[PDB]
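Student: 3D model of this:
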Amino acid sequence: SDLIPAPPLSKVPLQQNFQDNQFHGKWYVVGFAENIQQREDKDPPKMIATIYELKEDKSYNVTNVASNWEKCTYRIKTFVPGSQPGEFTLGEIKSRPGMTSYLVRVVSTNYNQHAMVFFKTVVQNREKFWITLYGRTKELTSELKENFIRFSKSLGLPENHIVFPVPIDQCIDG
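Tutor: Residues are numbered from 1 along each chain as shown. The relevant structure is shown in the block below.
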């Protein structure tokens, strides 16, 4: 297909009154939707956790924790506060091959249960974007999942670009 373009940022809400010290800690990636088509017959992915550690310099250390064969992998990046609370840039942008832009926008959260976060990068001179549905728990309600589907579709993503990863016991509980 044609690339699904990133929506104008006007179409991506910013969570009002974002509180960095309440968004801290571990989130499970309960849902994921990206502008590349799932893959078609693919193995359902195992759930990852993402830990947001608020540092004293006001950035987050962001650690993705995942299972692979009899091992756990941790990958760290830095989110640096952007122009408005709840927006971030990538601290490592200047070392990422082919990357010219990276934006994080926290769309919605209640801090103690769920969040939705929008990501947009320009890599190899093309737009990539994705939305994550975070839970403080590995499972969320049908209402929250449905709201995530609706929001994903509102940004142009077809249903078959939306993935609900499978909870696992390894790695992601620390």
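
Student: nearest the middle, which residue of the protein would you pick?
Tutor: residue 132 (3.8 Å; CA atoms, centre = their mean).

Student: for beta bridges, what are the partners of it?
Tutor: Using DSSP bridges, the beta-bridge partners of residue 132 come out as residue 32, residue 117.

Student: measure it to residue 122 for me?
Tutor: Counting by CB to CB, to the nearest Å, the separation of residue 132 from residue 122 is 19 Å. For every residue, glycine as well, the C-beta is placed using N, CA and C.

Student: just residue 46 next, same as before
Tutor: 29 Å.

Student: now swap in residue 174 and tell me
Tutor: 34 Å.

Student: looking at these two, which one has more neighbours?
Tutor: residue 122 (16 against 8; other CB atoms under 10 Å).

Student: so that one touches residue 96, yeah?
Tutor: No. Using CB atoms under 8 Å, residue 122 and residue 96 do not qualify as a contacting pair, with a distance of 10.8 Å.

Student: quick check: neighbours shared by these two?
Tutor: Here residue 122 and residue 96 have residue 102 as joint contacts, going by CB atoms under 8 Å, 6 or more residues apart in numbering.

Student: ok so, going back, the residue nearest to the centre of the chain contacts residue 29, doesn't it?
Tutor: Yes. Using CB under 8 Å, residue 132 is in contact with residue 29, at 5.6 Å.

Student: any shared contact partners between the two?
Tutor: Common neighbours of residue 132 and residue 29 (CB under 8 Å, 6+ apart) are residue 50.

Student: helices and strands around the helix ranked longest in the chain, which ones?
Tutor: For the chain, the longest helix by residue count, based on DSSP state H, is helix 142-154. With contacts taken as 3 or more CB pairs under 8 Å, 6 or more residues apart in numbering; DSSP states H and E, helix 142-154 sits against strand 25-34, strand 114-123, strand 126-135, strand 162-163.

Student: got a markdown table for these, with distance to residue 10 too?
Tutor: Formatted as a markdown table, the helices and strands packed on helix 142-154 follow (distance: least, CB to CB, whole Å):
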| stretch | distance to residue 10 |
| --- | --- |
| strand 25-34 | 19 |
| strand 114-123 | 12 |
| strand 126-135 | 14 |
| strand 162-163 | 22 |
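
Student: out of the ones you listed, which gets nearest to residue 40?
Tutor: Taking CB to CB, strand 162-163 is the member of the helices and strands packed on helix 142-154 nearest to residue 40, at 12.4 Å.

Student: partners of the closest one in the sheet?
Tutor: strand 25-34 (antiparallel).
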